[PDB]
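To keep things clear, I will list the structure first and then write my remarks on it.
Neighbour counts are summed over all protein chains in view; Cβ atoms, including those assigned to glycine, are modelled from backbone coordinates with ideal geometry. Rule-based calculations on the coordinates, nothing more; no lab input.
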Amino acid sequence: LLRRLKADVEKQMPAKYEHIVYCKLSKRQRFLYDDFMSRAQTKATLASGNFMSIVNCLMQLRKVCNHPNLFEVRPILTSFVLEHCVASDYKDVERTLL
Amino acid sequence: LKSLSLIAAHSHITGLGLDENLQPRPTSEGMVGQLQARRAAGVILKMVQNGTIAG
Amino acid sequence: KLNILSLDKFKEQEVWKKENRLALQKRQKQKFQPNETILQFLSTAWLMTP
Amino acid sequence: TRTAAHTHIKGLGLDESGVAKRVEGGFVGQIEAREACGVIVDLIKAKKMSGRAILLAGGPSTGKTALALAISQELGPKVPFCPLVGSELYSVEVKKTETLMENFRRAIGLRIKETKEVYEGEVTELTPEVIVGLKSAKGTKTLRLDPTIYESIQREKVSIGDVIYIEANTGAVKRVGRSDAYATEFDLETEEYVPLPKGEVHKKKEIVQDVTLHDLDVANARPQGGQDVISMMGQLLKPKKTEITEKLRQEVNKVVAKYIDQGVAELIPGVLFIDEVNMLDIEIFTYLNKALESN
Amino acid sequence: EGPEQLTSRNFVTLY
Amino acid sequence: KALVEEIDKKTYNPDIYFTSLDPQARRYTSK
Amino acid sequence: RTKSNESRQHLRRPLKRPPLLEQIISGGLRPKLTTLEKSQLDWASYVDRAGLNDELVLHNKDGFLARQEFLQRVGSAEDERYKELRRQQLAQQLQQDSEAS
Amino acid sequence: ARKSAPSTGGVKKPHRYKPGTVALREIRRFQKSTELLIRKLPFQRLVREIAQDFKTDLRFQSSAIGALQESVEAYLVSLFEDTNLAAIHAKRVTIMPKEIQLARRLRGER
Amino acid sequence: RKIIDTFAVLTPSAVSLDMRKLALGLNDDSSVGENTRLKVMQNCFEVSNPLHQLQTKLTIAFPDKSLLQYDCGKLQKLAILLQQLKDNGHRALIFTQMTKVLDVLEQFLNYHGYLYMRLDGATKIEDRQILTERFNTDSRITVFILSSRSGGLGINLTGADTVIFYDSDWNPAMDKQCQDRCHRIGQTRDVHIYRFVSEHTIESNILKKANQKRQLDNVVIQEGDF
Amino acid sequence: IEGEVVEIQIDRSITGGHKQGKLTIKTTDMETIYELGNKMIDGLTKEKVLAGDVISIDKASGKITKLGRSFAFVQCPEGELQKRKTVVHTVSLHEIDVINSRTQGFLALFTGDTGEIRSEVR
Amino acid sequence: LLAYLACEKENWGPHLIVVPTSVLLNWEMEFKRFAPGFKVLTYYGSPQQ
Ligand SMILES: Nc1ncnc2c1ncn2[C@@H]1O[C@H](COP(=O)(O)OP(=O)(O)O)[C@@H](O)[C@H]1O
Ligand SMILES: [Mg+2]
């Protein structure tokens, strides 16, 4: 083996400064995180048929990093588009009557 | 700015004329009489100023 | 020598990319031409006192 | 953090075995009332019977409205709910019984799904009949469209090089702005340039939105969402609320029955709550007998 | 310096 | 008719639409 | 002093006295430090200490999973409709195989 | 040259080859081929996607799918020869459905 | 105008087409006259209707833009830190272990108008090195998002000043190697390391478990100038 | 944007297809030259501005507001041209309630000919 | 080391380097900047090139 580390040469090098960023959750984030966890944390490995868990933390990771802007985004809301119409089968009778 | 004004039956009164410790002075800002009623009115004013109590 | 020439050509290609991106940012897409060969009005507001 | 006589009631606090404890869910006492209320909770959760009537009676300061709020909260938001006071029935635009029926039809919910088709992209050309040309981040398509939304686009002061958003199902037209590709044309332009959208001009999505029967009835009778001149010009002519014919309700019932039979929707029964019913008129009271004994 | 009634040139374009 | 029609920037013949639907070989309507 | 004990747990529904988690972590120490419960019990403690609990159960009644399962229901329904169309079409093929041959 | 490259690019040059000679060389190279040609995994995908209609849980074996691939691959080639001979019998060096239907009605489809 | 833009939010829950046009009695099968129907809107289209904006704001509900920023506390913290670094004057690197978040960062930085940079396996080989060198020179570009798979391997980056860890799954040495891409021989300034780990979630337990193999390599690695 | 306007140029075509405008805007500490397009051009023309009358303009609103003549009477305005502020607005719950009720419901703030607002709006 | 083998000894030989895909060009330009005498060959475009 040929082992050499950074401390072997100490001429001049950048100083590394370790820092930790603590970011709180969001209310919608909290809601969906709990919604996923409370089902996957004690029903997956104890009940139901979702035995496998190698990726059961993968959706938790997706939840944490994504912040449900990828699982489901808010759409452009629009009303129902029902098209049958009441007068679909009523023009014939009135036309015959007239 | 101020609006057009004419002397009315209640134009002489400007504020409850109370104290910081919710104490009624005999005369304060066009106001006199009914000490404990004014104390209750100031209590209600503190209620609305709080904003966390409704109905 | 050939490798030094190749290094020079690589560097000049990189500076060509730089000049092309700066020229693209500075070129704009102006297609207004609000002059025409027709009567046109002008108004000037300023100060003149000599 | 506003608090008003409630919001300390977080539910009936009933056990899964149907035995209520002493202090739980912000509730104390009234064990028999809570047990009966939970029984009614499971009754409505069964979603098999209809037109059932329960009255709870007791002196003041006995949490009757608190109990109603408790059962409403325990049911959850999936089930429709609409609190009511007896005096709200009396109106001047429509007869009282019709308002009662209107609130009846707002107390049952319908969960429906449909596919939303949209077309978004850059404005390229406007050829009159009307054909339009759309440019996306990578795609590009030409669309022929009804002259109504063409006139709407004209009213929407859409310029060249702009980016627009179209809902195909409803003909909804909205301009996002203008592409940043042609952005710094003016030093102080008022229009807010926006980036080009990413993806195909044609897009399909799915929704799971929910509606009540009263909403369907009023939508069928009264269209109040138009965009072209004819639409809102017509809909502003009769602002007053009118009566609703029963045949309209039968037609709506037929269409929702067809929808659920096909298998893209399901029916959700709900709860109607009237507080202080003592003041209701005799006519409404005898109308309730006919209204309840229905399907 | 604000003299005269705000002289405003009325120009024509182009020749 | 259904809203929003897709045009491929070709053909663009609003009045003409057919292939032959003849089963007649010859030209019955014209020469 | 030696023991194995597999470490220990806490469980929800605090009908019991204060959790007494100090002795619990003293004994087990969680060599069971695996995420599958380390991310459960801590989150339960945090939600209990925050009190933001009722809104969870008022939101999960119709949440992501319920809507997803409903979409699965409608997918099953339309797949059954496609099955119905397939059987009708194949039955028509069998009928035409003898009504015109 | 798209970007940094071995000096100057574009060495591909316009070198289009007219058909016929290319067609002849590719058929000559294809004739000597003796192994499987179509992808086997899509084949097993489709054959399993068209087996559950009779019944599910049928299961399969590598020998099976291999034998079906051999049967389908070694049968349509003779059909191709017959279609080509029927095609060049007439003044149509290209293939059209006429001669393939001819081959079907001379090889005894029923 | 401003209040009606900022307040008209509600939309109908249901609407039936073919009744909006039928209300005024004009359809493809109607009792109105031939030219009367067209003259109706020919006289009415020229109207300077001042309610079209109200109708549009009563028809389509755009779900805002800042809500995407609000939903992600990591996004808010990253925006604050990026603004602070811009005020100081610096360059930043962001490392992500998932490809499904790079688009979110791209659109967020486009919304903030920051000069971002991306590196992923979807890109080719030739472009990667030249774009990396172009990032190394100049100072206009201040944001670089890099995937974990293509970012762990050694690359020359000395112009960078800060590395931000969006997440860390299992890094016995992966994290140290990734943070060393900015920390090169030619870096005259120091090295800044920031870890974006939220609390009360899986990430805390994952980081706690990952802090187990560090002492292992500490015990193993003891060679050098003995 | 507020400052002492110095020069105004408008280039509009008669029986043409386009217009143009150039402005010189100067404060006590700096000056910059800008060119207008369409909206601010008509806003400037409709609200008569000369070399002596001073102005405020918003980018998103596009509205042109008079800020009083410096001459032809106040000293030259100071500070940077750009000014970012916040403006507050108070709206009583009933007015949001009515504004979303109907496409013509805004007029009910003045005429008041509304009522029986559907419970599905509250 | 390669320069030492080239100069101190008479053997050069065809050597092999196996590096991640994103380091091929880095190695190439390192060879160009230092010890450019060696004749370097790359490997892109497996089907034809
Ligand atoms: N078990 C209980 N827990 C909490 N609050 C209660 C309980 N019982 C009654 N109350 C309170 O008593 C009040 C009376 O409720 P309500 O039914 O609205 O009036 P009344 O009982 O006079 O009809 C409510 O505001 C409620 O907060
Ligand atoms: Mg009560």
Over the whole of K:21-34, what's the average partner chain Cβ count within 10 Å per residue? Rounded to a whole number, please. 5
Sort the following peptides by mean Cβ neighbour count (other Cβ atoms within 10 Å, averaged over residues), highest first: I:108-116, A:78-86. A:78-86, I:108-116
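Let me have the 222 nm mean residue ellipticity of chain J computed from DSSP H runs of 4+ only, each contributing -39500 (n - 2.57), with the sum over all residues rounded to the nearest 500. Show your work: numbers first, answer last.
On the way: 2 runs with 15 residues, N = 122.
Rounded to the nearest 500, the figure is -3000 deg cm²/dmol.
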Global form of the protein assembly as shown, assessed from the alpha-carbon gyration tensor, a/c cut-off 1.5: rounded
Run the quick spin-label model on G:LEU52 and J:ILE14: label points 7 Å from Cα toward the beta carbon, then report their separation in nm to one decimal. 6.9 nm
Placed amide H near I:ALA92: partners under 5 Å, 5+ positions off or other chain: I:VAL143, I:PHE144, I:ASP161, I:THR162
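Tell me the volume per residue, in Å³, of the convex hull enclosing the alpha carbons of chain D.
225 Å³
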Rounded to the nearest 0.05, what FRET efficiency do B:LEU1 and J:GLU95 have when you use their Cβ-Cβ distance and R0 = 22 Å? 0.45
Among the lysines, which fall within straight-line cross-link reach of C:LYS11, defined as a Cα-Cα distance under 22 Å, with same-chain neighbours fewer than 8 residues apart omitted? C:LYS1, H:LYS3, I:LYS124, K:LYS32, K:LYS39
Within region H:65-103: backbone nitrogen closer than 17 Å to the H:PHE54 label point (7 Å, Cα to C-beta): H:65-72
Kindly write out, for region H:20-32 in residue order, the coupling ³J(HN,Hα) from the Karplus curve 6.51 cos²θ - 1.76 cosθ + 1.60 (θ = phi - 60°), rounded to whole Hz, with x marking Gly and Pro. x, 5, 4, 4, 4, 5, 6, 5, 4, 6, 6, 5, 5
Mean-position separation - Cα centroids, region G:6-49 and region D:85-153, in angstrom: 52 Å
Computed E for A:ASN50/B:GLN23 - FRET, C-beta separation, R0 51 angstrom, nearest 0.05: 0.15
Once the Cβ-Cβ distance between I:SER66 and E:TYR15 is put in as r, and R0 is 60 Å, what FRET efficiency do you end up with, to the nearest 0.05? 0.65
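Which of the three applies to chain H, rounded, prolate or oblate, going by the alpha-carbon gyration tensor with a ≥ b ≥ c and a/c under 1.5 meaning rounded?
Numbers: a/c = 2.94, a/b = 1.30, b/c = 2.26.
In terms of gyration-tensor shape, oblate.
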Got a sec to turn the phi values of region G:51-58 into Karplus ³J(HN,Hα) couplings, 6.51 cos²θ - 1.76 cosθ + 1.60 with θ = phi - 60°, whole Hz, x for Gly and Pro? x, 7, 10, 5, 4, 4, 7, 7
Could you sort D:201-211, B:37-47 so that the peptide with the highest average Cβ count within 10 Å comes first and the rest follow in order? D:201-211, B:37-47
Would you list D:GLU74, D:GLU151 from fewest to most Cβ contacts within 10 Å? D:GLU151, D:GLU74
Cα gyration tensor category, rounded, prolate or oblate, for region G:28-101 with a/c compared to 1.5: oblate
Sorted largest first, the C-alpha extents of region J:1-87 along its principal axes in whole angstrom are 41, 32, 21
Could you tell me which residue out of D:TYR150, D:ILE9, A:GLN60 lies farthest along the dipole of the protein assembly as shown toward its positive end? Charges go on the beta carbon: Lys and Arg +1, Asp and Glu -1, centred on the Cα centre. A:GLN60
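Sum up the charges of everything whose Cβ sits under 15 Å from the Cβ of I:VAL15, counting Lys and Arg as +1 and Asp and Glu as -1, but leave I:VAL15 out.
Working: positive: D:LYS116, D:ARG222, I:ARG20, I:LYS21, J:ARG102, J:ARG118; negative: A:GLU83, D:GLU114, D:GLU167, D:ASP215, D:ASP217, D:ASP228, I:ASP18, J:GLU120.
Net of charged neighbours comes to -2.
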For Cα pairs less than 8 Å apart in space and 6+ apart in sequence, what is the mean separation divided by the residue count of chain G, i.e. the relative contact order in percent? 20 percent
Calculated from DSSP H runs of 4 or more alone, at -39500 (n - 2.57) each and per residue, what is the 222 nm mean residue ellipticity of chain D, nearest 500? -9500 deg cm²/dmol
Among the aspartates and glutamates, which have Cα under 18 Å from the Cα of I:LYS208 when same-chain residues fewer than 8 positions away are ignored? A:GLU18, G:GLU37, G:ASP42, I:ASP167, I:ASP169, I:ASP175, I:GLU199, I:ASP217
Per-residue mean of C-beta atoms belonging to partner chains within 10 Å, peptide B:41-54: 1
Positive-end residue of J:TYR34, A:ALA40, D:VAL252, charge dipole of the protein assembly as shown with Cβ unit charges: A:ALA40
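Determine, for H:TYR17, F:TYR12, the number of other Cβ atoms within 10 Å of each Cβ, and report the residues in order from fewest to most. All intermediate terms of the calculation are to be shown ahead of the outcome.
On the way: H:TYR17 8, F:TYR12 12.
Fewest-to-most Cβ neighbours within 10 Å comes out as H:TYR17, F:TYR12.
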Gap in Å between the Cα centre of region I:150-214 and the Cα centre of region D:258-293? 62 Å
List every residue whose amide H lies under 5 Å from the amide H of J:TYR34, counting only residues 5 or more places away in sequence or on a different chain, with H placed 1.01 Å from N in the peptide plane. J:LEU23, J:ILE25
Counting other beta carbons within 10 Å of each Cβ, put D:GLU129, D:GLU16 in order, fewest first. D:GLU16, D:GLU129
With axes computed from alpha carbons, what is the tilt in degrees of helix A:27-40 against the longest principal axis of chain A, rounded to the nearest 10 within 0 to 90? 90 degrees
Point-to-point label distance, H:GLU70-I:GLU46, nm (Cα→Cβ direction, 7 Å offset): 8.5 nm
Amide H to amide H, which residues 5 or more places from D:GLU122 or on other chains are under 5 Å from it, using H placed in the peptide plane? D:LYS135, D:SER136
Per-residue average of other protein chain Cβ atoms inside 10 Å, peptide D:37-45 -> 0
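Over 24 Å between Cα atoms, which of D:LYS198/J:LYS22; A:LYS91/I:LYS57; D:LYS10/D:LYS64; I:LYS57/J:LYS59; C:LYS29/J:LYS22 qualify? Write down the numbers at each step before the final one.
Working: D:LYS198/J:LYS22 36 Å; A:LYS91/I:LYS57 35 Å; D:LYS10/D:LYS64 15 Å; I:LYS57/J:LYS59 21 Å; C:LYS29/J:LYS22 19 Å.
Among D:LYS198/J:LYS22; A:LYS91/I:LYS57; D:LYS10/D:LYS64; I:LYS57/J:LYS59; C:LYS29/J:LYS22, the Cα-Cα distance tops 24 Å for D:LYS198/J:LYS22; A:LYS91/I:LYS57.
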Kindly work out what percent of the DSSP beta bridges joining two residues of the protein assembly as shown are antiparallel, to the nearest 5. 70 percent
Using a 7 Å offset from the Cα along the Cα-to-Cβ direction at both D:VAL208 and J:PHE73, what is the distance between the two label points in nm, to one decimal? 7.3 nm
Return the subset of C:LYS31/I:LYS21; A:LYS27/D:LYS241; D:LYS205/F:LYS1; D:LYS141/I:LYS100; A:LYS24/I:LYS2 for which the Cα-Cα distance in this structure is over 30 Å, preserving the input order. C:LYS31/I:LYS21; A:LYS27/D:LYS241; A:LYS24/I:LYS2
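Please give the calculated 222 nm ellipticity per residue for chain B, where each DSSP H segment of at least 4 residues contributes -39500 (n - 2.57) and the sum is spread over every residue; nearest 500 deg cm²/dmol? Walk me through the numbers before you get to the answer.
Working: 1 runs with 16 residues, N = 55.
When only DSSP H runs of four or more count, the value is -9500 deg cm²/dmol.
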If each part is reduced to its alpha-carbon centroid, region C:20-50 and chain K end up apart, in Å, by 56 Å
